[PDB]
Structure formats: C-alpha cells, structure tokens
Amino acid sequence: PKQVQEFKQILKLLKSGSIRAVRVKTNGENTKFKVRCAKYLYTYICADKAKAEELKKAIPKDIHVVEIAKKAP
Amino acid sequence: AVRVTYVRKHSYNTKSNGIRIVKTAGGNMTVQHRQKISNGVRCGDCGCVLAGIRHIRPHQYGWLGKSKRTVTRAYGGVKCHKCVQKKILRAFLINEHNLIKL
Amino acid sequence: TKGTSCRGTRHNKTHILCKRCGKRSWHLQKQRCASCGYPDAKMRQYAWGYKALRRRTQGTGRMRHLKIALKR
Amino acid sequence: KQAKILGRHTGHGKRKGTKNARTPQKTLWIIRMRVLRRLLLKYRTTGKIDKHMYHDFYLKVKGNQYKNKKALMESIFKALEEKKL
Amino acid sequence: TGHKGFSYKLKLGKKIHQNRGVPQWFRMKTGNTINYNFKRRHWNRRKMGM
Amino acid sequence: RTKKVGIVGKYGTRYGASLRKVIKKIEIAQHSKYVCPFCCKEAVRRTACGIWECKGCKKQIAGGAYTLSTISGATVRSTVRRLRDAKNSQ
Amino acid sequence: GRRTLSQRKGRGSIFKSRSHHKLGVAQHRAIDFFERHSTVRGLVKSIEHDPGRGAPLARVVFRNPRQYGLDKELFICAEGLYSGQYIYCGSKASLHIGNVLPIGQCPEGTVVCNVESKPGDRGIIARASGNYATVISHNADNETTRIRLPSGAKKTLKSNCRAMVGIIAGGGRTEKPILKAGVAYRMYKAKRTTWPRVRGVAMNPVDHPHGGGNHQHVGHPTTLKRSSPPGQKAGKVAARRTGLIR
RNA sequence: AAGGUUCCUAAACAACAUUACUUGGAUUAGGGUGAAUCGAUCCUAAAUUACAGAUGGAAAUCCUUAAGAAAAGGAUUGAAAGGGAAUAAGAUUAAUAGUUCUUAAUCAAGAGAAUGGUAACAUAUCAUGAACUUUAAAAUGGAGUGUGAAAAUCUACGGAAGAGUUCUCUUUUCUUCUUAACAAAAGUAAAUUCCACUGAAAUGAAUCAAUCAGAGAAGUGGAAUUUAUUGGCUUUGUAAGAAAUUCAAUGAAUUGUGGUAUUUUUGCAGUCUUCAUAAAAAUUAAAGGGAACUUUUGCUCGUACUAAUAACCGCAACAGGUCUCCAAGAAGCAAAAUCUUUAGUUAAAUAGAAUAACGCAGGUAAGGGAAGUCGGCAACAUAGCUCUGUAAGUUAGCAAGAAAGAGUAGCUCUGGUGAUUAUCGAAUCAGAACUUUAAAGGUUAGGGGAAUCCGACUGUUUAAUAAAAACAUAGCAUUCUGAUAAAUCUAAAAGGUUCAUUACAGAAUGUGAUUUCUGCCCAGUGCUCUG
RNA sequence: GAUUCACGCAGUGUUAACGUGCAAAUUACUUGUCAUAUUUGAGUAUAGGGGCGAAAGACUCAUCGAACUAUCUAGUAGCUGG
C-alpha cells in the first residue's frame with residue numbers, strides 16, 4: 002500500500018483509466034480516499050471537508066464507490 | 002508473556018533458521034524469519050570495505066537500481082579510491098621514467 | 002547398559018525396501034540389496050540356502066507370459 | 067521494596083552473596099570515570115582549564131587519585147590558584 | 002513420518018486398506034470357512050516393519 | 004605483583020621450574036611488537052605461525068615462528084648479499 | 002595373533018590425512034621457455050597459513066606469457082618475503098631473496114631452499130620450516146652440481162633444477178616446549194591419526210610383539226633385521242649402535 | 001528421527017488397560033492431510049558409482065580424469081540441521097491450514113550513446129556495452145569487556161471499562177488499553193571508515209581496557225555503511241473497517257506520555273588465544289575492453305496425529321533410553337532449594353477396616369562419647385556473608401576458604417556514591433538510638449589438623465562384580481629413511497595409506513613433570529661393519 | 001587444559017532398596033563431574049587370523065581369549081543316560 006501526499010496526483014490519478022474501485026472512510030477528524038488501482042492501493046488523508054467534496058465529485062460513474070462509516074460494510 | 006512456536010518445520014536454531022518475535026493485534030506474538038547478515042565488497046588490493054555499496058545478499062543486488070551497486074569512478078566498485086589513486090601514478094610515473102631511460 | 006538402556010537410540014534405518022525383490026533388504030550405506038543382489042545383474046542365489054531358493058524362484062509368481070508358452 | 071529503600075532489611079544477616087557480587091567492583095569504577103572524565107571535558111570545553119592542565123588531570127584521574135567528583139573539583143580549584151603565582 | 006516419499010505413502014495406504022475384516026455377506030456363503038482375517042494387525046500390537 | 008614468574012604465572016604451579024622458565028623466553032617474544040622494516044614503527048604483530056602483519060602500514064612480512072627474524076635467517080640475508088655483489092664484478 | 006597398529010596404518014581407513022582445509026600443493030611453476038631462457042615477474046599477493054605445516058604459503062600471481070590472463074601460483078614463503086613484493090622466477094633472474102633460480106647459476110655457498118630433485122618436478126628438497134640446502138660446487142663437464150641436504154647428506158643434482166633462494170620461513174618452530182596434552186593434540190588437527198600412542202609392553206601378547214608377562218618388560222632384543230616380516234618389525238630397525246652417545 | 005490412521009465424530013463394551021468402567025491410543029462405520037512464496041526438487045562437503053583402460057584361473061578388483069579420436073575443460077550419486085529468487089494479518093472446520101476465505105503484497109520467465117560535488121560520493125529501471133580477463137559476495141573458530149536497539153518484567157504522571165474485600169479499615173487489589181508482510185520520509189540517534197581547510201612539542205587525542213598522529217593527530221564542515229523490511233527509533237499507508245475490554249437487545253464507547261531499572265534476543269566496536277588460522281559449488285554484481293504502465297503462466301511430491309511417567313526403541317499403558325525452539329512473579333550472587341500466575345492434570349500395575357510381630361523409607365534421646373567393628377561403615381556435627389588474622393614447606397607460582405576469633409534481628413533515623421539548571425533517578429556501603437524470645441540456618445549451605453606410600457598435574461578405561469597405584473600425557477632418549485625412500489595394505493595391478501608430504505619431515509620404539517644422577521660389563525644372544 | 005554453584009552426565013560408598021524386580025543391570029540418599037583432551041544429532045569410512053582400541057583381551061545389535069547365519073553334518077566320542 003502506498004500513500005499520495007497532496008491534491009496534484011490524486012486528482013490526476015482518478016482521471017486515469019487504470020482505477021478499479023474507490024473506497025472512502027470517514028473518520029472522526031479526517032477522511033481517506035483509498036482508491037484501488039491495478040497494483041497498489043493509494044489513499045489521500047484529507048482533513049478539510051470542503052476539499053473532500055470536490056474529491057467526491059471527481060470519481061467517474063463507471064466504477065464502484067463505497068462510503069464507509071463507523072460500521073464496516 | 003506469550004510463548005511462541007516455530008512456524009516452519011525447521012526445529013533447530015541454525016544460521017538459516019533465525020527468527021524474530023513481534024507483537025500482533027490483540028497481544029498475540031508471532032514469528033518472523035529474519036535474514037542473515039552479510040559482508041560488503043572489498044578492494045582488490047588492500048582488502049578494505051568499499052563505501053557507497055550496501056551490504057546485502059548477492060541476488061538482492063539485482064533488484065537495486067543500476068547506480069545503487071557501483072561507484073561512478075574509474076575502477077568504481079572493485080577498488081577503493083586509495084587503491085585507484087595509486088594506480089594512476091604508477092601508470093604515469095613509470096611511463097615517464099622509461100620514456101627517457103630508453 | 003548393554004541391554005534395555007542402550008536400545009533407546011535405534012531410529013536410524015539401515016535396510017529399506019528393495020526395488021527388484023520387494024523385501025526390506027536394501028542396505029542404504031552399501032547401496033546393494035542383501036536378499037536379491039541388486040545392481041548386480043544376476044539374481045543372488047547360493048547353494049547353501051536351498052530354502053532361500055524355493056522362497057523365490059521360477060514358478061512362485063504369476064508366470065504371466067510363461068504359463069502360456071509351456072501350454073503351447 | 068518500599069521498606070528496602072529506607073534500608074529496613076539491608077542488614078548483614080540478610081545478605082547471602084559476596085560484596086563484589088552485590089556491588090561489582092568493575093561497574094563501580096566504569097561509572098566513576100565516566101562521572102569524572104565528563105567533568106574534565108566539560109571544564110576544558112567551557113574554558114576553565116587548558117589542554118596542558120587537562121592532560122595532567124586526565125592521567126591523574128586514570129591513576130585513581132580522586133575518589134569522587136567532589137574531590138576533583140576541589141583539586142582543580144586548588145591547582146588553578148597555584149597557576150596565577 | 003511427516004515427510005514420506007511418494008512410493009512410500011502409497012504402500013502405507015495399501016496396508017490400511019488390507020487391515021479390514023471379512024465383509025458380512027461373504028461369511029454367509031455355502032461352505033464358507035473364512036470367518037475371520039488372520040493376516041490382520043494393529044499399530045500397537047505388531048509393527049509391520051516397513 | 005610477582006617476583007620472578009612474570010608471564011608464566013598463568014601456568015600456576017604445575018609444569019616444572021625449568022619448562023616454565025624456558026617457555027617464558029618464547030612467550031615474551033611471541034607477544035611483542037617489533038620495529039617494522041618498511042613503515043619504521045613498533046607495529047609488527049604476529050598473526051600465524053610465521054606470518055607477521057605490520058598493523059601500522061598494512062604489510063604481511065614472513066619470518067620466524069616466534070621472532071621476526073631468526074639469527075640464522077639474518078646471516079643468510081648477508082650471505083646472499085655478499086655472494087651477489089662479488090659475482091657481478093669478476 | 003593380531004595386526005599391530007603399524008599394520009593397520011597402511012590400509013587407510015581412519016588413518017587418512019585430514020587434508021580438508023589445506024590450501025593446495027605448494028610448488029614451483031611448470032617449466033616453459035619464458036623460464037628456461039628468460040625471466041618472469043611474480044607478485045606476492047599475500048602470505049597465507051596452510052594448515053598442517055609450519056611454513057607459510059605465499060600466493061604469487063604471475064602473468065600468462067603465452068595467453069591472456071593471470072597465472073596464479075602458490076609458493077612456500079622464504080623468510081623475509083612481504084606483501085607487494087616482486088619476485089622473478091627465471092634462468093636469468095637476479096640472485097636475491099625469493100627469486101627462483103636454476104641451481105646451476107648460484108655461486109658456491111649460495112643458500113637455496115625448495116630445490117628440485119629432477120628438472121621439472123617442482124620442488125622436493127628442503128621444504129620444511131626453517132630448513133635450507135647449501136650449494137657446494139659445480140661440474141661443467143657433465144652439468145651436475147653438489148648440494149648439502151638438511152640431513153647432512155650430500156647429493157648430486159643436474160644444473161637445471163630450480164631452487165628458490167633463501168631459507169624457509171617459520172623457523173625455530175620446535176624450540177617451544179609443548180607444555181600440555183591439549184596443545185599436542187591440537188597440533189595434529191591437520192595430520193593423520195597417531196597421537197595417543199600406547200606402548201607395546203603395555204599390551205597383551207596378541208596386539209604387539211612386546212606384550213609382556215607378569216612383569217612389564219620386553220624379553221627379546223629390540224634391534225631387528227631390516228628383512229623382518231611386517232608385523233614383527235618393531236623397536237629399532239637395523240640399528241648400527243644403540244644407547245646414549247658418549 | 002521412529003510409528004502408520006493411532007487423528008475427529010457416531011453407535012456400541014464379548015475380548016484388552018493385574019478391580020470395575022458408561023471411559024480408552026481398544027470393537028464397528030463414516031470423515032479428514034488443499035502451497036508460485038514452507039520443504040523436497042537445484043549445488044557442493046566427508047564420501048560414492050558408471051563407458052573405455054589396467055589387473056585377474058575365476059568371481060570380480062583398481063583408476064574418477066589419469067592411461068581415452070570419450071566427458072569450452074571434465075562423468076553419477078551425496079545434506080527435509082550446510083548454500084537457497086519470492087507472504088503476511090484477521091477469520092473459518094467435529095480435525096487441515098505461512099496450504100482455505102477476506103484484505104493486502106512479493107519473486108521468476110515472458111508479451112505489449114547523461115549530469116552534479118574540490119573530495120569522500122549522489123541521481124521514483126533509466127542515462128547503450130559483445131568476445132576475453134579479473135575482483136567481490138555466497139563464505140566460515142573461540143574467549144572476555146563496553147554499548148545501540150526491540151521484547152519481557154518492574155515502575156512514574158494522567159486516565160477510560162469491568163471484577164474482588166468492606167462492619168474493621170483501604171482515593172484500595174486485579175484484568176484490558178494491541179498491530180503484520182510490504183512501502184513512505186514530519187522529526188531524530190549510537191558506532192565505524194573516509195574527504196576538504198590548517199599543520200601538533202610546553203606533545204596531544206581519547207577507552208572500562210586499549211589504541212592513534214608530520215606516509216599526518218586535535219578542531220570545523222561534509223560523505224558512506226551497519227543497527228531483525230524499505231532507512232535504525234518515534235511517526236505514516238496497510239489500519240481500525242481488524243482485534244481486545246465493556247454496555248444494550250444486531251447497535252454503541254475508549255485505546256496519552258515517560259524511566260540515568262533487571263533479564264533475554266540481535267547487531268556494532270576494538271582487546272585476547274592457537275606448533276588449531278577455523279569448507280565447496282550452484283548462483284549473483286561490478287570493473288578493464290571496445291564488438292555491434294498493463295497483462296499471461298508458475299507443473300510433480302510431503303502436509304492428519306504422538307514427539308512420550310500411554311502413539312518411538314526396550315516381548316507391555318516397562319521408574320530405562322531418545323536431538324531441538326519459546327520461557328511470568330517472590331528470593332538470592334545464582335536458570336540453586338521452597339511457594340504461586342498463563343497452561344496441563346487429579347488418573348496414571350485396585351480399595352475398605354484393625355493400628356500385632358519382623359520389615360523398607362524418614363526421625364529423636366538421659367549419662368559416657370569409637371569402649372562397637374577388619375575399618376568412624378552408617379549416622380551426627382562445620383556450612384551464607386563482613387572484619388581481624390593466617391604456620392611449617394615450596395618449583396617462589398602456591399599451601400589458604402589454612403588454623404583461630406568477633407559481628408549478623410526488628411523499628412525509627414542520618415550520611416556517602418549522580419544528570420540538567422531547586423527538580424529527578426539507582427540499588428549499594430557506612431554509622432546512631434530504642435525494643436525483643438540476642439537474630440545466616442524454613443530451604444540452599446566446607447568438618448578441621450599431624451604424618452607415611454603411589455601417581456607429576458587436567459584427562460581415559462574392564463557397557464553388566466576391579467575406577468586405580470593401571471592407560472594416556474608434556475619432558476628425556478634411541479633407530480632407520482633423500483622421497484623411485486622408510487613404514488606398509490593387495491591374489492594382481494599405469495594399484496592404496498602416512499604424502500595437498502620432504503629431515504624443524506615420515507616411520508619404529510623405551511622411560512614417564514621439575515631438581516640431582518644414570519655406575520662397571522661386548523664374554524653369551526641379537527643388530528651393525530667402511531674389514 | 002585455575003577453584004567451584006546450576007542445566008546435564010557418570011556411578012565412589014551405603015557392599016541401602018529390588019533381587020520369580022520398574023529394569024535380562026534399574027531406583028534412593030551420599031559422592032564426583034559439569035567447555036576446549038568438553039557433551040551431542042545426521043551423513044560418510046573401517047568387517048571376521050578382519051575392524052576399532054588414552055590398552056580392560058575391552059567394543060564389533062542383550063553373542064567375543066575370535067560375531068551372526070547357512071552348507072559339509074545325523075562330524076567323532078574307548079565316555080554318561082535310554
């Protein structure tokens with residue numbers, strides 16, 4: 002598992018067609034957009050809720066998006 | 002105080018069967034096979050270890066980047082910098098000496 | 002301690018099953034079978050063991066392709 | 067263990083081991099110099115003493131002349147006054 | 002043992018297959034005196050030595 | 004700490020007076036640093052039976068089994084030196 | 002009767018040499034033109050310790066003159082040889098320490114170690130630690146030279162035999178008294194199996210011919226003929242003189 | 001390793017477990033062993049065996065790279081403890097799981113003629129590199145000291161949840177508060193080796209110890225490597241969604257920070273010791289030289305169970321024997337004896353009653369104290385630690401824990417031994433009052449002395465009546481041998497051992513440390529001779 | 001190749017226990033020893049007038065002053081029993 006560090010690559014990565022599925026976990030303070038690519042699992046830890054919303058609109062409709070909470074699916 | 006068991010069929014504390022005990026979720030303690038300790042490279046004239054090349058397994062050098070297993074210099078990777086500074090002076094001072102001798 | 006005490010370390014097998022005779026008579030260290038004379042080409046037969054001949058010789062098995070020829 | 071801190075039980079009839087076993091003689095001297103040689107370097111780095119004086123004190127400590135830290139700062143204090151005469 | 006060769010495991014497998022008693026219907030034949038297996042053994046009585 | 008049995012005091016009292024005195028001469032030489040012919044330092048330290056390794060400047064000099072140069076091995080150096088020079092000129 | 006310990010030592014069951022950590026065969030280099038009629042140059046890469054002998058072995062690294070590549074060798078170290086040395090091994094070589102020379106060029110009285118016994122067998126005579134053979138004379142009529150072996154016997158050799166100049170290193174080894182049994186037991190780490198030696202007279206009559214009766218003694222003269230059968234050949238064989246020399 | 005179905009479940013109890021059994025490792029019938037990542041498979045070690053050749057009446061023996069038109073240089077086998085490409089956490093089953101399921105990775109084989117730094121050296125594959133050659137890794141003894149790191153135990157501050165005691169008290173006692181493989185670089189260490197500036201004497205630098213310097217110390221600034229995967233520790237993705245502890249009847253709560261403490265593990269640094277110098281190849285990387293992101297596959301074999309006071313070997317559920325890994329508290333110098341926590345068991349050739357003799361095992365005793373007896377056999381007695389003191393003899397090292405004498409408890413105090421600029425932390429030593437049943441002794445725990453004989457010492461031996469005064473041993477000494485030899489195996493042999501050797505060596509012997517001394521005898525029997 | 005404690009190992013004494021035993025050589029206490037001439041596992045080597053032996057005629061599958069198994073062999077017996 003790898004971690005992306007800022008908005009530049011995460012937005013670029015989602016637009017690419019290699020993405021298999023996307024998971025978002027909503028913790029008490031932050032949120033991780035654990036996108037799952039062909040090989041690794043990249044996650045961006047966002048603390049600003051406004052910056053997560055623009056990330057929540059960038060996912061293409063052709064992949065499965067699962068929103069997790071304090072209860073596992 | 003948790004007592005562990007070897008996870009492989011090896012039951013003897015040989016050099017190849019070294020293990021490390023680590024903690025695990027819930028207080029369980031598990032067993033991991035830690036690798037051996039190896040020597041680095043040595044200069045071909047003085048027998049001293051060379052700098053810039055890690056001390057890893059012979060096959061693990063293949064996975065390293067092409068600049069992570071050499072040193073960028075003449076005879077870089079097989080002779081120390083002192084081992085090479087003397088090579089140049091020998092190859093040059095000798096040529097000047099027998100240039101005028103004959 | 003030549004009796005019961007010293008009989009505790011007997012777990013290193015010497016004779017394993019042979020391939021041409023099927024008895025447990027293949028000496029691992031000598032690399033030859035003590036009952037049917039392995040890699041030696043000839044079957045090991047001795048005249049003093051007249052019983053060891055009638056235990057395994059011609060006629061004691063199935064005779065898969067010889068019971069036919071003699072009948073003909 | 068709380069009572070043993072005040073020395074309630076550390077008598078003579080409650081010891082079954084040799085004096086060197088309970089208090090090793092090597093580790094009471096390994097620590098003794100590390101206490102002293104740190105002070106000598108501390109003063110030399112600070113500038114209280116010089117290299118020539120700190121050299122005659124490095125060997126004097128090494129020869130077991132000063133029993134504790136207090137008995138070394140007194141000798142440095144003494145040998146500094148003879149310097150200005 | 003834990004580590005047995007292939008030609009050795011299949012011979013053990015036959016020695017547990019042969020360690021079975023007479024089938025019930027066989028003993029009910031006519032003139033059938035084969036009531037019990039006398040070639041049987043057990044792990045704690047006789048070591049098969051193989 | 005000991006009047007006369009210096010290095011062979013580790014043998015205690017159990018080899019004889021003469022042998023412990025004889026071995027005293029050899030164990031002393033075997034464990035001493037000699038003056039190194041090349042680097043010119045008291046750094047030559049034995050490594051094996053007849054291999055003296057100059058720790059100062061990293062050279063391996065061969066020599067006697069317990070001394071850097073045996074007495075009979077120094078005359079031969081002079082004997083050959085005397086025979087070489089005379090042979091050259093007449 | 003039985004077969005005494007000298008009769009079981011010839012079969013080689015447990016009496017084989019323990020030569021497993023030994024470096025290799027220490028000898029000169031093969032004879033060739035560049036050594037018969039010229040000189041080569043060898044570099045003493047490093048001095049090593051071949052287990053089971055008191056003379057260090059030096060790892061000389063020549064150059065292949067006929068082909069491309071190194072020609073690594075293994076020379077017994079003469080005393081005084083050091084790492085990084087240049088030793089020349091040829092017929093025209095200079096008479097220094099370690100330079101291999103044909104025995105027919107050394108001046109009379111020259112010290113030569115590791116002398117061949119026949120031209121081309123690469124070292125026979127004077128190989129042990131601290132030993133050397135001294136040239137005596139020359140004879141140009143039949144190209145033979147006399148030398149004095151370390152045993153004192155004088156032998157006549159062809160003048161083409163090679164012989165490294167000097168004495169062998171590791172001299173004066175035996176002057177140290179082995180003090181214990183353990184030190185003498187570790188000395189045979191890389192040799193045969195002969196250390197704890199049980200006396201013949203402390204043996205039953207079958208094992209050794211000296212097996213005594215109700216008193217521990219020999220009973221018959223120990224000086225025997227050379228033509229005794231193996232097994233009865235004990236004691237001193239063909240003794241010209243016995244007893245302490247006065 | 002050995003055993004082989006003993007493993008799990010159901011029915012059942014004629015036999016077997018020195019009574020009985022509803023129990024069983026026993027009867028019958030079903031079920032169970034999942035691998036690209038663990039091993040075998042691959043490579044070599046001590047060693048082993050083939051074609052041709054040599055030897056041999058014969059069986060067959062010898063050579064293993066030498067004899068060969070054989071194999072670029074030499075054939076086959078040889079290790080489940082040596083070398084080795086790559087995997088972890090949670091969960092599941094009546095049993096299998098580094099093997100299955102979820103999640104997350106890794107390896108191999110494919111498929112789609114460059115810059116920077118003064119220098120040490122450095123750049124998410126990059127930045128060409130054939131023949132031939134070399135270097136290095138794989139790859140290596142042991143002892144003792146110091147230290148970095150992790151885990152366990154102990155402990156400091158602040159807590160969250162539950163459990164135990166409570167008529168006598170206790171802000172009390174206990175449990176839980178965790179995290180992998182593989183990767184990232186907020187912050188930050190110890191050690192070692194190098195580079196650049198300057199050139200040390202009034203010599204310095206430093207360690208517990210050492211050790212180092214004008215072929216260059218100390219100082220300042222840098223570089224590289226090791227430290228259980230990347231980069232050692234904290235931290236981060238994995239990852240809380242798992243797990244542990246609680247509450248409610250599937251749904252809810254929490255998971256800070258330290259330590260100048262003890263042990264274990266794993267590395268690093270130098271020091272010491274050898275008449276000991278403490279493996280090979282597969283396989284991999286670099287150099288010298290200049291010729292010209294995705295996707296596919298990963299085959300075969302083992303995997304159940306015991307590993308023992310009931311699964312192995314001893315005729316058996318035999319007090320015998322059998323190689324290893326993990327390791328809590330009290331107490332002490334101690335992995336000692338004794339007691340307890342997690343875990344296992346209360347059954348392991350049957351019990352009840354009475355409390356005779358003679359017994360096996362364990363004890364005690366008045367007065368005397370070896371008078372018993374072959375003989376202090378057996379038993380009793382001294383025993384830890386601190387201080388004082390310690391003879392003759394002696395190889396000057398030892399004798400020596402010689403012998404002998406004093407102290408030791410409990411409670412309340414005081415002082416000494418350090419880090420940072422008053423706080424904080426360690427068990428250790430010393431001293432003073434007061435009290436008592438006057439104190440190592442529950443357990444562990446030397447009897448001492450004066451002489452004589454033998455063996456020099458540590459060591460080894462008659463498995464099953466002899467453990468020594470015997471054997472060995474270092475020391476002394478004797479004999480032969482120049483290597484095509486000496487010894488010496490084979491019926492024979494370009495055959496074999498010492499010999500991968502070479503007189504400071506090989507072979508054959510007697511005496512048995514050190515000190516002192518080895519006397520006279522060559523007639524006899526051996527050996528030898530240049531007669 | 002110092003003195004000792006411990007895990008282990010041995011077998012000095014009781015000539016203790018047992019002696020139709022737990023045991024075809026074991027048990028308990030006492031004693032010694034407890035890393036360098038140390039203990040031990042696996043593989044490999046040495047085989048009967050042979051091997052191996054720090055030497056006791058000891059060890060060589062409960063067998064050794066010449067192993068076990070089979071052939072000569074129903075060996076011979078002036079000797080004992082029927």
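As given, the protein sequences belong to chains ln, lh, ll, lU, lo, lm and lD, one line each in that order.
What the first sequence shows, in the deposited numbering, is residues 2 to 74, in sequence order.
What the second sequence shows, in the deposited numbering, is residues 2 to 103, in sequence order.
What the third sequence shows, in the deposited numbering, is residues 2 to 73, in sequence order.
What the fourth sequence shows, in the deposited numbering, is residues 67 to 151, in sequence order.
What the fifth sequence shows, in the deposited numbering, is residues 2 to 51, in sequence order.
What the sixth sequence shows, in the deposited numbering, is residues 4 to 93, in sequence order.
What the seventh sequence shows, in the deposited numbering, is residues 2 to 247, in sequence order.
By construction, the Cβ of each residue, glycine as well, lies at the ideal position given by its N, Cα and C atoms.
I'd like to know whether the C-beta atoms of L71(lD) and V62(lD) end up nearer to each other than 8 Å.
Locating residue 71(lD) in the seventh sequence gives position 70, where the first residue counts as 1. Locating residue 62(lD) in the seventh sequence gives position 61, where the first residue counts as 1. Their beta carbons are under 8 Å apart, which means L71(lD) touches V62(lD) by this criterion.
Using a C-beta cutoff of 8 Å, does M51(lo) count as contacting chain ll?
-> Indexing the fifth sequence from 1 puts residue 51(lo) at position 50. Yes - at least one Cβ of chain ll is within 8 Å of the one on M51(lo).
Answer yes or no: does any C-beta atom of chain lo fall closer than 8 Å to that of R25(ll)?
-> On the third sequence, position 24 is the one that residue 25(ll) refers to. Closer than 8 Å: yes.
Exercise for review: Mind listing, in chain order, the continuous alpha helix (DSSP H) runs of no fewer than 4 residues lying wholly within the stretch 96-144 of chain lD?
Suggested key: none
Checklist entry - Which first and last residues belong to the beta strand (DSSP E) in which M165(lD) is found? => result Numbered from 1 along the seventh sequence, position 164 holds the residue referred to as residue 165(lD). Element bounds for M165(lD): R163 to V166.
#### Entry: Where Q33(lh) falls: helix, strand or coil (DSSP)
Along the second sequence, one-based indexing puts residue 33(lh) at 32. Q33(lh): strand per DSSP, three-state reduction.
Taking the DSSP output, what are the residues bridged to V66(ln)? In the first sequence, residue 66(ln) corresponds to position 65, counting from 1. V23(ln).
### Message
Threshold first: 3 residues or longer. Then list the beta strand (DSSP E) segments lying entirely within the stretch 13-97 of chain lD, N to C.
### Response
43-49, 58-64, 71-73 and 86-88
Selected residue, minimal CA-CA separation from residue 293(lD), among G232(lD), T224(lD), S138(lD) and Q233(lD): Since the first residue of chain lD shown is 2 and the last is 247, residue 293(lD) is not available in this structure.
Q. In angstroms, rounded to a whole number, what distance separates the CA positions of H28(ll) and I17(ll)?
A. Translated into positions along the third sequence, residue 28(ll) becomes position 27. Translated into positions along the third sequence, residue 17(ll) becomes position 16. Near 7 Å, if we compare the C-alpha coordinates of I17(ll) and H28(ll).
List the residues of chain lm whose Cβ lies closer than 9 Å to the Cβ of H50(lD), in chain order.
Taking the seventh sequence and counting its residues from 1, the one referred to as residue 50(lD) is at position 49. Within chain lm, the residues near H50(lD) are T50, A51, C52, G53 and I54.
Can you find the residues in the same chain that come closer than 6 Å, C-beta to C-beta, to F123(lU), ignoring five residues on each side of it along the sequence?
One-based indexing of the fourth sequence puts residue 123(lU) at position 57. For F123(lU), where only same-chain residues beyond five positions count, the Cβ hits under 6 Å are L106.
Use the C-beta contact count for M51(lo): other C-beta atoms within 10 angstroms, 16 or more gives buried, fewer gives exposed. To locate residue 51(lo), count along the fifth sequence from 1; it is residue 50. By the 10 Å Cβ count, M51(lo) comes out exposed.
Below 7 Å, is the gap between the Cβ of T44(ln) and the nearest heavy atom of the ligand ATP?
The ligand ATP is not among the ligands present in this structure, which contains no ligands whatsoever.
Whether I168(lD) touches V112(lD) by CB criterion (8 Å):
On the seventh sequence, position 167 is the one that residue 168(lD) refers to. On the seventh sequence, position 111 is the one that residue 112(lD) refers to. Yes; because the gap between Cβ atoms is below 8 Å, this pair is in contact.
- Can you find a C-beta in chain lD that's less than 8 Å from the C-beta of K24(lm)? Taking the sixth sequence and counting its residues from 1, one reaches residue 24(lm) at position 21. Not one chain lD Cβ lies under 8 Å of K24(lm).
Quiz prompt | In DSSP terms, what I64(lm) is bridged to | solution = For this step, residue 64(lm) is matched to residue 61 along the sixth sequence. Paired residue(s): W55(lm) and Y83(lD).
| message | Just to confirm my understanding: we take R174(lD), look at its own chain, exclude 5 residues before and 5 after, and list those with CB closer than 7 Å. What are they? | response | Start at 1 with the first residue of the seventh sequence, and residue 174(lD) comes out as number 173. Cβ neighbours of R174(lD) beyond the five flanking positions: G55, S130 and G131.
Checklist entry - Given that a residue counts as buried once 16 or more other Cβ atoms are within 10 Å of its Cβ, and exposed if not, what is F39(lo)? => result In the fifth sequence, residue 39(lo) corresponds to position 38, counting from 1. Its Cβ having fewer than 16 others within 10 Å, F39(lo) is exposed.
For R55(ll), name the three-state secondary structure that DSSP assigns. Looking up residue 55(ll) in the third sequence gives position 54. Of the three classes helix, strand and coil, the one that applies to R55(ll) here is helix, per DSSP.
DSSP state of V207(lD) mapped onto helix, strand, coil
As a working note, residue 207(lD) is residue 206 in the seventh sequence. The answer is coil: DSSP assigns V207(lD) none of H, G, I, E or B.
Q) Using the rule of at least 16 other Cβ atoms within 10 Å of the residue's Cβ for burial, across every protein chain shown, is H98(lh) buried or exposed? A) Position 97 of the second sequence, counted from the first residue, corresponds to residue 98(lh). Per the 10 Å Cβ criterion, exposed.
* Quick one: what does DSSP say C7(ll) is sitting in, helix, strand or coil? -> In the third sequence, the residue the question calls residue 7(ll) occupies position 6. Helix, per DSSP.
task = Tell me, please, whether the CB atom of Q93(lm) is closer than 8 Å to any CB atom in chain lD?
result = Walking along the sixth sequence from the start, residue 93(lm) turns up at place 90. Not an interface residue.
What residues are listed by DSSP as bridge partners for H118(lU)?
Start at 1 with the first residue of the fourth sequence, and residue 118(lU) comes out as number 52. According to DSSP, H118(lU) bridges with nothing at all.
For this session: Counting only the same chain and skipping the five closest in sequence on each side, list residues whose C-beta sits under 7 Å from that of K16(lh).
Result: Walking along the second sequence from the start, residue 16(lh) turns up at place 15. If we look at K16(lh) and ignore the five residues flanking it on each side, its Cβ neighbours are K37.
*Which residues in chain lo sit within 9 Å of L18(ll), going by Cβ to Cβ distance?*
Here residue 18(ll) is taken as the residue at index 17 of the third sequence, counted from 1. Chain lo residues near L18(ll): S8, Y9, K12 and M51.
* Asked: Which residues mark the beginning and the end of the alpha helix (DSSP H) in which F93(lh) is found?
  -> Working through the second sequence from its first residue, we reach residue 93(lh) at position 92. Unbroken alpha helix (DSSP H) run through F93(lh): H82 to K102.
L150(lD) beta carbon less than 8 Å from that of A170(lD):
For the purposes of this step, residue 170(lD) is identified with residue 169 of the seventh sequence, where counting begins at 1. For the purposes of this step, residue 150(lD) is identified with residue 149 of the seventh sequence, where counting begins at 1. Not in contact: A170(lD) and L150(lD) (Cβ atoms no closer than 8 Å).
* Examine chain lm for any beta-carbon lying closer than 8 Å to the beta-carbon of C162(lD), and answer yes or no. => The sequence position of residue 162(lD) within the seventh sequence is 161, counting from 1. No, because no Cβ of chain lm sits closer than 8 Å to the Cβ of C162(lD).
Am I right that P120(lD) and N161(lD) are in contact with their C-beta atoms under 8 Å? What's the rounded C-beta distance? Counted from its first residue, the seventh sequence places residue 120(lD) at position 119. Counted from its first residue, the seventh sequence places residue 161(lD) at position 160. Correct: roughly 4 Å between the Cβ atoms.
Q) If we ignore side chains and look at the alpha-carbon of each, how far apart do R19(lD) and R21(lh) end up? A) Taking the seventh sequence and counting its residues from 1, one reaches residue 19(lD) at position 18. Taking the second sequence and counting its residues from 1, one reaches residue 21(lh) at position 20. Roughly 38 Å between the two C-alpha positions.
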